[PDB]
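Q: Below: one structure in structure tokens.
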Amino acid sequence: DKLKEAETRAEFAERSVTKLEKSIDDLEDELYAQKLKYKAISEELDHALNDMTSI
Amino acid sequence: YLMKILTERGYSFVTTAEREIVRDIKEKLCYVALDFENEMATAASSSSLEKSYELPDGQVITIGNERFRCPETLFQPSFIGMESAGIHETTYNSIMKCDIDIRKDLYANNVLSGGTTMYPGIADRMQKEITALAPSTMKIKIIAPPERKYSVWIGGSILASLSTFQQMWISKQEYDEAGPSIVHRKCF
């Protein structure tokens, strides 16, 4: 009857929602890791500039 | 002392867990000024020395003249109320206590070690202070190897590899015969 066209999409939604949440979480994690790496590169360059700074 | 003077700006660290944070800040930002008076005058007028740091929960802090004032204690222990002189005068006093014939060689062959001598800008301040104290004609050289932190352990590793050192160890039999006081004997 009228229940099945709703149940099908309802179950379509759950796994898609979980997969989207997992993907966005993992992408955010990668983004933060890259941010830390970039800050580290800036730190290395600035530490070199600050240590040498003519001697 | 750094944890005590950081309260003058607004940040308060009390619990022993935060002393590691203050230690890391000291290791990462502090530097020893070549001359103290003019640097202090400049840091209170210009804004080129104020540097920022990130605490382990965010909340970035900005340290100004506290960068070079904490390590200044080594050359001026009157900050913490200690009686003795700075490390730039203790070295000269220990040199002058030696005989008159080996002062030149010690002047020309001063060596630095230890972790706390890793501050950027200490080898030149030490050179300037020693030149101020010591006689002007003698040549003064301050040895600062890049591996200052591990210099003691590297020396220990070299010592433990020598062949002539193989009979200097404290044999367990000697301890069983003489007790723990064996270390004070000629067997150091």
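Using the numbering of Swiss-Prot, the residues shown for chain A are 230-284, in order.
Here the Cβ of each residue, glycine as well, is placed from N, Cα and C on the backbone.
Just lifted these from Swiss-Prot, have a look:
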| type | residues | note |
| --- | --- | --- |
| MOD_RES | A:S252 | phosphoserine |
| MOD_RES | A:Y261 | phosphotyrosine |
| MOD_RES | A:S271 | phosphoserine |
| MOD_RES | A:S283 | phosphoserine |
Q: Counting other Cβ atoms within 10 Å, pick out the least crowded of the modified residues A:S252, A:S271, A:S283.
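A: Output over modified residues A:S252, A:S271, A:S283: least Cβ neighbours within 10 Å is A:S283.
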Q: Return the residues near A:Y261 (phosphotyrosine) by Cβ distance under 8 Å, restricted to its own chain and a separation of at least 6 in sequence.
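A: Result: none.
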Q: Given A:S283 (phosphoserine) and A:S252 (phosphoserine), what distance in Å do their CA atoms have, once rounded to a whole number?
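A: Counting only the Cα atoms, the answer is 48 Å.
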Q: Name the secondary structure element type, per DSSP in three states, that contains the residue listed as 'phosphotyrosine'.
A: helix
Q: Determine, to the nearest whole angstrom, how far the Cα atom of A:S252 (phosphoserine) is from the Cα atom of A:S271 (phosphoserine).
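A: Computed Cα spacing between A:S252 (phosphoserine) and A:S271 (phosphoserine) is 29 Å.
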Q: I want to verify one value. Collapsing DSSP to three states, which class is A:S283 (phosphoserine)?
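A: DSSP call for A:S283 (phosphoserine): coil, neither helix nor strand.
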